[PDB]
$ cat my_file.csv   # CSV, C-alpha atoms
chain,number,residue,atom,x,y,z
I,1,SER,CA,-20.7,-0.7,1.6
I,2,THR,CA,-20.6,-2.7,4.8
I,3,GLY,CA,-22.5,-5.5,6.5
I,4,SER,CA,-23.0,-6.6,10.1
I,5,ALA,CA,-24.6,-9.9,11.2
I,6,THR,CA,-24.9,-11.6,14.6
I,7,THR,CA,-23.6,-15.1,14.9
I,8,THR,CA,-25.1,-17.4,17.5
I,9,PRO,CA,-23.7,-20.7,19.0
I,10,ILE,CA,-25.7,-23.7,18.0
I,11,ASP,CA,-25.6,-25.3,21.4
I,12,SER,CA,-24.4,-24.8,25.0
I,13,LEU,CA,-20.9,-25.9,24.2
I,14,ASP,CA,-20.3,-23.5,21.3
I,15,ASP,CA,-19.7,-26.4,19.0
I,16,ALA,CA,-20.3,-24.1,16.0
I,17,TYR,CA,-21.9,-20.7,15.2
I,18,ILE,CA,-24.7,-19.9,12.8
I,19,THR,CA,-25.3,-16.6,11.0
I,20,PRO,CA,-28.5,-15.8,9.1
I,21,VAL,CA,-28.0,-15.3,5.3
I,22,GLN,CA,-30.6,-14.1,2.8
I,23,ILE,CA,-30.6,-16.0,-0.5
I,24,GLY,CA,-32.8,-15.3,-3.5
I,25,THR,CA,-35.8,-13.1,-4.3
I,26,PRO,CA,-38.0,-13.0,-2.2
I,27,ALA,CA,-35.4,-13.7,0.4
I,28,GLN,CA,-35.0,-17.2,1.8
I,29,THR,CA,-33.2,-17.0,5.1
I,30,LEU,CA,-30.9,-19.9,6.0
I,31,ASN,CA,-28.6,-20.2,9.0
I,32,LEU,CA,-25.1,-20.8,7.7
I,33,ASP,CA,-21.8,-21.8,9.4
I,34,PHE,CA,-19.3,-19.1,8.4
I,35,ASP,CA,-16.1,-21.1,7.8
I,36,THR,CA,-12.7,-19.3,7.3
I,37,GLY,CA,-11.2,-22.7,6.6
I,38,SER,CA,-13.1,-23.4,3.4
I,39,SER,CA,-14.3,-21.6,0.3
I,40,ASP,CA,-17.7,-23.0,-0.8
I,41,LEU,CA,-21.1,-21.5,0.0
I,42,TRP,CA,-23.3,-24.5,0.0
I,43,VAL,CA,-26.9,-25.1,1.3
I,44,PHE,CA,-29.4,-27.7,2.0
I,45,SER,CA,-31.9,-27.4,-0.8
I,46,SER,CA,-35.0,-28.7,-2.5
I,47,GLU,CA,-32.5,-30.9,-4.4
I,48,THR,CA,-31.1,-32.6,-1.3
I,49,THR,CA,-31.9,-36.3,-1.0
I,50,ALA,CA,-35.0,-36.3,1.2
I,51,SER,CA,-33.7,-38.9,3.6
I,52,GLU,CA,-30.6,-36.7,4.3
I,53,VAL,CA,-32.7,-33.7,5.4
I,54,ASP,CA,-33.8,-33.7,9.1
I,55,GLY,CA,-35.0,-30.3,10.3
I,56,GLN,CA,-32.8,-28.0,8.2
I,57,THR,CA,-34.2,-25.0,6.3
I,58,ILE,CA,-33.8,-25.5,2.6
I,59,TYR,CA,-33.1,-23.2,-0.3
I,60,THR,CA,-35.6,-23.7,-3.2
I,61,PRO,CA,-34.1,-22.1,-6.3
I,62,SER,CA,-37.4,-22.5,-8.3
I,63,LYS,CA,-39.0,-20.1,-5.9
I,64,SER,CA,-36.3,-17.4,-6.4
I,65,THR,CA,-36.9,-15.1,-9.4
I,66,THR,CA,-33.2,-14.2,-9.4
I,67,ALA,CA,-31.8,-17.8,-9.3
I,68,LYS,CA,-30.1,-19.1,-12.4
I,69,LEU,CA,-28.7,-22.6,-12.9
I,70,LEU,CA,-24.9,-22.4,-13.5
I,71,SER,CA,-25.1,-24.8,-16.3
I,72,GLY,CA,-22.7,-27.8,-16.1
I,73,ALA,CA,-21.2,-26.8,-12.8
I,74,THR,CA,-20.9,-29.3,-9.9
I,75,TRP,CA,-19.2,-29.3,-6.6
I,76,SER,CA,-18.0,-31.8,-4.0
I,77,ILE,CA,-16.2,-31.1,-0.8
I,78,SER,CA,-14.7,-33.1,2.1
I,79,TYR,CA,-13.8,-31.5,5.4
I,80,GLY,CA,-11.2,-32.3,8.0
I,81,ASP,CA,-13.7,-34.1,10.2
I,82,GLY,CA,-14.5,-36.6,7.5
I,83,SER,CA,-17.9,-35.0,6.6
I,84,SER,CA,-18.8,-34.2,3.0
I,85,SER,CA,-21.4,-32.8,0.6
I,86,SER,CA,-21.9,-32.4,-3.1
I,87,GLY,CA,-24.3,-31.1,-5.7
I,88,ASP,CA,-24.9,-28.6,-8.5
I,89,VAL,CA,-24.8,-24.8,-8.6
I,90,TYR,CA,-27.0,-21.8,-9.0
I,91,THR,CA,-26.2,-18.1,-9.0
I,92,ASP,CA,-28.4,-15.9,-6.9
I,93,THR,CA,-28.5,-12.7,-4.8
I,94,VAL,CA,-27.0,-13.3,-1.3
I,95,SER,CA,-27.1,-10.8,1.5
I,96,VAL,CA,-25.3,-10.9,4.9
I,97,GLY,CA,-26.2,-8.3,7.5
I,98,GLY,CA,-27.3,-5.8,4.9
I,99,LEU,CA,-24.4,-6.4,2.4
I,100,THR,CA,-25.6,-7.7,-0.9
I,101,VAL,CA,-23.8,-9.7,-3.6
I,102,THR,CA,-25.5,-10.4,-6.9
I,103,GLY,CA,-24.5,-13.4,-9.0
I,104,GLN,CA,-23.1,-15.3,-6.0
I,105,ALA,CA,-22.5,-19.0,-6.6
I,106,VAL,CA,-24.9,-20.9,-4.3
I,107,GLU,CA,-23.9,-24.5,-4.2
I,108,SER,CA,-27.1,-26.7,-3.9
I,109,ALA,CA,-26.5,-30.0,-2.1
I,110,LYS,CA,-27.8,-33.1,-3.7
I,111,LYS,CA,-26.0,-35.3,-1.0
I,112,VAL,CA,-24.7,-34.5,2.5
I,113,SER,CA,-23.0,-36.9,4.9
I,114,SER,CA,-24.5,-38.1,8.1
I,115,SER,CA,-23.0,-35.4,10.4
I,116,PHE,CA,-24.7,-32.7,8.4
I,117,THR,CA,-28.1,-34.5,8.4
I,118,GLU,CA,-27.8,-35.0,12.1
I,119,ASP,CA,-27.2,-31.3,12.9
I,120,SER,CA,-30.6,-29.7,12.4
I,121,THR,CA,-29.3,-26.2,13.3
I,122,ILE,CA,-26.9,-25.8,10.3
I,123,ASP,CA,-28.5,-25.1,6.9
I,124,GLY,CA,-25.1,-25.0,5.1
I,125,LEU,CA,-21.7,-23.4,5.1
I,126,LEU,CA,-20.4,-20.0,3.9
I,127,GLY,CA,-16.7,-20.3,3.1
I,128,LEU,CA,-14.4,-17.4,3.9
I,129,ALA,CA,-11.0,-18.9,3.0
I,130,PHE,CA,-9.3,-18.0,-0.3
I,131,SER,CA,-11.2,-18.7,-3.5
I,132,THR,CA,-8.4,-21.0,-4.8
I,133,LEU,CA,-9.9,-23.7,-2.5
I,134,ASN,CA,-13.4,-23.4,-4.1
I,135,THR,CA,-14.5,-26.9,-5.4
I,136,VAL,CA,-16.8,-25.9,-8.2
I,137,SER,CA,-15.9,-27.6,-11.5
I,138,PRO,CA,-15.2,-26.9,-14.3
I,139,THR,CA,-15.3,-23.1,-13.5
I,140,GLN,CA,-14.1,-22.3,-10.0
I,141,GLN,CA,-16.3,-19.8,-8.2
I,142,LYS,CA,-15.5,-16.9,-5.8
I,143,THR,CA,-16.4,-16.6,-2.1
I,144,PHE,CA,-19.0,-14.2,-0.9
I,145,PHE,CA,-16.1,-12.0,0.5
I,146,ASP,CA,-14.2,-12.1,-2.7
I,147,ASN,CA,-17.3,-11.0,-4.7
I,148,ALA,CA,-18.1,-8.2,-2.1
I,149,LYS,CA,-14.6,-7.0,-1.6
I,150,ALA,CA,-14.4,-4.2,-4.3
I,151,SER,CA,-17.7,-2.7,-3.0
I,152,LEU,CA,-16.6,-2.7,0.7
I,153,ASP,CA,-15.5,0.5,2.4
I,154,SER,CA,-12.3,-1.5,3.4
I,155,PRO,CA,-11.4,-5.0,2.1
I,156,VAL,CA,-11.8,-6.7,5.4
I,157,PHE,CA,-14.1,-8.8,7.5
I,158,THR,CA,-13.9,-9.4,11.2
I,159,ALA,CA,-14.9,-12.3,13.5
I,160,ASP,CA,-16.0,-11.6,17.1
I,161,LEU,CA,-17.2,-14.9,18.4
I,162,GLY,CA,-18.8,-15.1,21.8
I,163,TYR,CA,-18.1,-17.5,24.7
I,164,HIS,CA,-21.5,-19.1,25.4
I,165,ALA,CA,-23.0,-16.0,23.8
I,166,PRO,CA,-23.7,-14.4,20.4
I,167,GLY,CA,-21.1,-12.5,18.6
I,168,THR,CA,-20.7,-10.6,15.3
I,169,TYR,CA,-19.3,-10.9,11.8
I,170,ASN,CA,-18.7,-7.5,10.2
I,171,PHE,CA,-17.8,-6.9,6.5
I,172,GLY,CA,-16.0,-3.8,5.3
I,173,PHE,CA,-15.2,-2.0,8.5
I,174,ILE,CA,-13.4,-2.5,11.9
I,175,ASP,CA,-15.6,-1.7,14.9
I,176,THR,CA,-13.2,0.1,17.2
I,177,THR,CA,-15.6,-0.3,20.1
I,178,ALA,CA,-15.5,-4.1,19.9
I,179,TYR,CA,-12.0,-4.7,21.3
I,180,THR,CA,-9.6,-3.4,24.0
I,181,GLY,CA,-6.1,-2.1,23.4
I,182,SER,CA,-4.7,-2.3,19.9
I,183,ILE,CA,-4.9,-4.8,17.1
I,184,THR,CA,-1.7,-6.6,16.3
I,185,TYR,CA,-1.3,-7.6,12.7
I,186,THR,CA,0.7,-10.6,11.5
I,187,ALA,CA,1.6,-12.0,8.1
I,188,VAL,CA,-0.5,-14.5,6.2
I,189,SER,CA,0.5,-17.1,3.7
I,190,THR,CA,-2.1,-18.0,1.1
I,191,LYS,CA,-0.1,-20.8,-0.4
I,192,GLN,CA,-2.5,-23.5,1.0
I,193,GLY,CA,-5.6,-21.3,0.5
I,194,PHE,CA,-6.0,-20.7,4.2
I,195,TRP,CA,-5.6,-17.7,6.5
I,196,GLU,CA,-2.3,-19.2,7.6
I,197,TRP,CA,-0.1,-17.4,10.0
I,198,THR,CA,2.7,-18.1,12.6
I,199,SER,CA,2.1,-17.6,16.3
I,200,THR,CA,5.1,-16.6,18.3
I,201,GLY,CA,4.6,-19.0,21.2
I,202,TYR,CA,2.5,-19.9,24.2
I,203,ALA,CA,2.0,-20.0,27.9
I,204,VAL,CA,0.1,-22.4,30.2
I,205,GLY,CA,-1.8,-20.7,33.1
I,206,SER,CA,0.5,-18.3,35.0
I,207,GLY,CA,3.6,-20.0,33.5
I,208,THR,CA,6.4,-18.4,31.6
I,209,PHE,CA,5.9,-17.7,27.9
I,210,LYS,CA,7.7,-20.1,25.6
I,211,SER,CA,8.9,-18.4,22.4
I,212,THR,CA,8.4,-20.8,19.5
I,213,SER,CA,7.0,-20.5,16.0
I,214,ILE,CA,3.6,-22.3,15.5
I,215,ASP,CA,2.3,-22.2,12.0
I,216,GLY,CA,-1.4,-22.6,11.8
I,217,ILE,CA,-4.7,-21.5,10.3
I,218,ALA,CA,-7.4,-19.2,11.6
I,219,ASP,CA,-10.5,-21.4,11.1
I,220,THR,CA,-13.9,-20.3,12.4
I,221,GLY,CA,-15.3,-23.6,11.1
I,222,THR,CA,-13.3,-25.8,13.5
I,223,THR,CA,-14.5,-26.0,17.1
I,224,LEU,CA,-11.3,-26.7,19.0
I,225,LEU,CA,-7.7,-25.5,19.2
I,226,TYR,CA,-5.3,-28.1,17.5
I,227,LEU,CA,-1.6,-27.6,18.3
I,228,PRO,CA,1.6,-29.7,18.3
I,229,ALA,CA,1.7,-32.6,20.6
I,230,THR,CA,4.5,-31.1,22.7
I,231,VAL,CA,2.4,-27.9,23.4
I,232,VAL,CA,-0.8,-29.9,24.1
I,233,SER,CA,1.0,-32.2,26.5
I,234,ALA,CA,2.5,-29.3,28.4
I,235,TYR,CA,-1.0,-27.8,28.8
I,236,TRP,CA,-2.7,-31.0,30.0
I,237,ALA,CA,0.1,-31.9,32.4
I,238,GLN,CA,-1.1,-29.0,34.5
I,239,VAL,CA,-4.5,-30.6,35.0
I,240,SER,CA,-4.6,-33.4,37.6
I,241,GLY,CA,-6.0,-36.6,36.1
I,242,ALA,CA,-6.0,-35.4,32.5
I,243,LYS,CA,-4.9,-38.0,29.9
I,244,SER,CA,-5.1,-38.7,26.2
I,245,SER,CA,-7.7,-41.4,25.5
I,246,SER,CA,-7.4,-43.3,22.3
I,247,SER,CA,-10.9,-44.7,22.8
I,248,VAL,CA,-12.5,-41.2,23.2
I,249,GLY,CA,-10.3,-39.6,20.6
I,250,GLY,CA,-8.3,-37.0,22.5
I,251,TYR,CA,-7.5,-35.5,25.8
I,252,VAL,CA,-10.1,-35.9,28.6
I,253,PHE,CA,-10.0,-34.5,32.1
I,254,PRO,CA,-11.9,-34.9,35.3
I,255,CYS,CA,-15.1,-32.7,35.1
I,256,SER,CA,-14.3,-31.7,38.7
I,257,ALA,CA,-11.1,-29.8,37.5
I,258,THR,CA,-10.6,-26.1,37.2
I,259,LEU,CA,-8.7,-25.6,34.0
I,260,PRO,CA,-5.8,-23.2,33.5
I,261,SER,CA,-5.8,-20.5,30.9
I,262,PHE,CA,-3.8,-20.8,27.7
I,263,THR,CA,-2.0,-17.9,26.1
I,264,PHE,CA,-0.9,-17.7,22.5
I,265,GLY,CA,1.4,-15.1,20.9
I,266,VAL,CA,0.6,-12.7,18.0
I,267,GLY,CA,3.9,-10.9,17.4
I,268,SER,CA,4.8,-9.3,20.7
I,269,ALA,CA,1.1,-9.4,21.8
I,270,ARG,CA,-0.6,-12.1,23.8
I,271,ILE,CA,-4.2,-13.5,23.6
I,272,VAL,CA,-5.4,-15.3,26.7
I,273,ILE,CA,-7.9,-18.1,26.4
I,274,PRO,CA,-9.6,-18.5,29.8
I,275,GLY,CA,-9.6,-22.0,31.2
I,276,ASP,CA,-13.4,-22.2,31.0
I,277,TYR,CA,-13.2,-21.9,27.2
I,278,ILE,CA,-11.3,-25.2,27.1
I,279,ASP,CA,-14.1,-27.2,28.8
I,280,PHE,CA,-16.2,-29.2,26.3
I,281,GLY,CA,-18.2,-31.0,28.9
I,282,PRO,CA,-18.9,-34.7,29.6
I,283,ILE,CA,-17.8,-37.1,26.9
I,284,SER,CA,-21.2,-38.8,27.1
I,285,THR,CA,-24.3,-37.7,29.1
I,286,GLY,CA,-23.7,-38.0,32.8
I,287,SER,CA,-20.0,-38.9,32.6
I,288,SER,CA,-17.5,-37.4,35.0
I,289,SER,CA,-14.9,-37.4,32.2
I,290,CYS,CA,-14.9,-34.1,30.3
I,291,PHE,CA,-13.5,-33.5,26.8
I,292,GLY,CA,-10.7,-31.0,26.3
I,293,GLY,CA,-10.8,-28.0,24.0
I,294,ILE,CA,-7.1,-28.1,23.2
I,295,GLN,CA,-6.1,-31.2,21.2
I,296,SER,CA,-3.1,-32.5,19.3
I,297,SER,CA,-2.8,-31.6,15.6
I,298,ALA,CA,-0.4,-34.5,15.1
I,299,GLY,CA,-2.9,-36.5,13.0
I,300,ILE,CA,-4.1,-33.5,10.9
I,301,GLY,CA,-1.1,-32.2,9.1
I,302,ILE,CA,-1.8,-28.5,10.1
I,303,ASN,CA,-2.3,-26.6,13.4
I,304,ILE,CA,-5.7,-25.1,13.7
I,305,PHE,CA,-6.7,-22.0,15.6
I,306,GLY,CA,-10.3,-22.9,15.8
I,307,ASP,CA,-13.2,-21.3,17.8
I,308,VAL,CA,-11.6,-22.0,21.2
I,309,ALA,CA,-8.8,-19.6,20.3
I,310,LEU,CA,-10.6,-17.2,18.0
I,311,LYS,CA,-13.4,-16.5,20.5
I,312,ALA,CA,-10.9,-15.1,22.9
I,313,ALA,CA,-10.0,-12.3,20.4
I,314,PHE,CA,-11.4,-9.8,18.0
I,315,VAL,CA,-10.0,-11.1,14.7
I,316,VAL,CA,-9.4,-9.1,11.5
I,317,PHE,CA,-9.3,-10.9,8.2
I,318,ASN,CA,-7.6,-8.3,6.0
I,319,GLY,CA,-8.1,-9.1,2.4
I,320,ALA,CA,-5.9,-6.3,1.0
I,321,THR,CA,-3.6,-7.1,-1.9
I,322,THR,CA,-1.2,-8.6,0.6
I,323,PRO,CA,-3.6,-10.2,3.2
I,324,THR,CA,-2.8,-10.1,6.9
I,325,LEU,CA,-4.5,-11.2,10.1
I,326,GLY,CA,-5.1,-8.9,13.1
I,327,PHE,CA,-5.8,-10.0,16.7
I,328,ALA,CA,-7.0,-7.8,19.6
I,329,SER,CA,-8.1,-8.7,23.1
I,330,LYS,CA,-11.7,-7.9,24.0

$ encode --input "my_file.csv" --output "structure tokens"
Amino acid sequence: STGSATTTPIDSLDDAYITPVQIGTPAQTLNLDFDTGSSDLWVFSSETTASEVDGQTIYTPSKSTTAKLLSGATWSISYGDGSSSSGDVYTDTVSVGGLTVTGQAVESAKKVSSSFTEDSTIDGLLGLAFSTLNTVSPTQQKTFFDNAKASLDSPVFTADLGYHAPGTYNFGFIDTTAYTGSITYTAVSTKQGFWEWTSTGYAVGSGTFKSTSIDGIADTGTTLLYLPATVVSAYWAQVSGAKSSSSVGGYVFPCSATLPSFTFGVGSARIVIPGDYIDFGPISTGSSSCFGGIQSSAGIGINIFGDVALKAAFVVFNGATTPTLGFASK
């Protein structure tokens, strides 16, 4: 089997991407944030505290003839941005782009933190990291991809995120028309539960490539590119007037600037992020200070190849017995 679904930016900055997902019988379609940095499929629901729902579409398990309470199971998750959610668990039929999994754990939110409530466009998350990170207790549950894998034509999914435009998540096949050149594959460590790999270096604009190992994660659920402070300083030093602002929470730059590109290495190959992809617009409405799309990871504990980086590439998440990542230009 295969599946193919379009993923759409939630706003004009590509702050996140939503993908329609069918849950239950008859189908209830919710727009989920596919997140290769976590491993829970959770949804706003008829069980979510009413004051914490503000415009989201909810899953109502009592209206699904295939929903079953997973008795005794609870979940609770905290994300790197400080947001969180928790609740109980149903199993139900879940389909993405024509690919159907029966018995998928659907984690129903009883509580969500303010940033989820405040984002009316995201009805939940669909985790695509390794199932060892799944938070369901006392019986850990598998991701949608893990459940689908054996049925897929090939044990892979691909992320093809657009810049200010829709893109595609494919399951079970590699669309050879969706990229240019060849795909360069690179080793993955699953020791932390992430799609963790080592970039071979970087360049700023037309500058020379610096060969240096940068361990980080391919994370579709993180907006920006978070890299070591040395690398980030070297980038922003090429933008007149750019500075790190403790009050804003990162590097800002004059909105009048033209940003240089940023290149990252994948083995001997190179992925070029155009400068425009690094512009996240005014820090507040009407400001002439703009927020940068490349930020320091120093306070995180891990480097994160988020959407800013991934949207410059066609990315293969190879879930073979030994997982690997592939990157191609497009």

$ atom_distance --input "my_file.csv" --atom1 "atom CA of residue I:3" --atom2 "atom CA of residue I:159"
12.4 Å

$ closest_residue --input "my_file.csv" --among "I:1, I:113, I:25, I:31" --to "residue I:94" --atoms "all atoms listed in the file"
I:25

$ closest_residue --input "my_file.csv" --among "I:158, I:120, I:244, I:12" --to "residue I:172" --atoms "all atoms listed in the file"
I:158

$ closest_residue --input "my_file.csv" --among "I:72, I:55, I:267, I:166" --to "residue I:211" --atoms "only C-alpha atoms"
I:267

$ residues_around --input "my_file.csv" --residues "residue I:310" --least-positions-apart "2" --cutoff "10 Å" --atoms "all atoms listed in the file" --output "list in words"
residues 159, 160, 161, 162, 218, 219, 220, 223, 224, 225, 271, 273, 305, 306, 307, 308, 312, 313, 314, 315 and 327 of chain I

$ closest_residue --input "my_file.csv" --among "I:198, I:140, I:180, I:62" --to "residue I:108" --atoms "only C-alpha atoms"
I:62

$ residues_around --input "my_file.csv" --residues "residue I:294" --least-positions-apart "6" --cutoff "10 Å" --atoms "only C-alpha atoms" --output "list in words"
residues 223, 224, 225, 226, 227, 231, 232, 233, 235, 236, 250, 251, 252, 262, 277, 278, 279, 280, 305, 306, 308 and 309 of chain I

$ write_last_selection --input "my_file.csv" --atoms "C-alpha atoms" --output "tab-separated table (two decimals), in the frame of the given file"
chain	number	residue	atom	x	y	z
I	223	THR	CA	-14.50	-26.00	17.10
I	224	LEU	CA	-11.30	-26.70	19.00
I	225	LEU	CA	-7.70	-25.50	19.20
I	226	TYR	CA	-5.30	-28.10	17.50
I	227	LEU	CA	-1.60	-27.60	18.30
I	231	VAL	CA	2.40	-27.90	23.40
I	232	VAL	CA	-0.80	-29.90	24.10
I	233	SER	CA	1.00	-32.20	26.50
I	235	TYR	CA	-1.00	-27.80	28.80
I	236	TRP	CA	-2.70	-31.00	30.00
I	250	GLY	CA	-8.30	-37.00	22.50
I	251	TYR	CA	-7.50	-35.50	25.80
I	252	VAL	CA	-10.10	-35.90	28.60
I	262	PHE	CA	-3.80	-20.80	27.70
I	277	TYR	CA	-13.20	-21.90	27.20
I	278	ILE	CA	-11.30	-25.20	27.10
I	279	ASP	CA	-14.10	-27.20	28.80
I	280	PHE	CA	-16.20	-29.20	26.30
I	305	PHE	CA	-6.70	-22.00	15.60
I	306	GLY	CA	-10.30	-22.90	15.80
I	308	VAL	CA	-11.60	-22.00	21.20
I	309	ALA	CA	-8.80	-19.60	20.30

$ closest_residue --input "my_file.csv" --among "I:122, I:234, I:298, I:77" --to "residue I:34" --atoms "only C-alpha atoms"
I:122
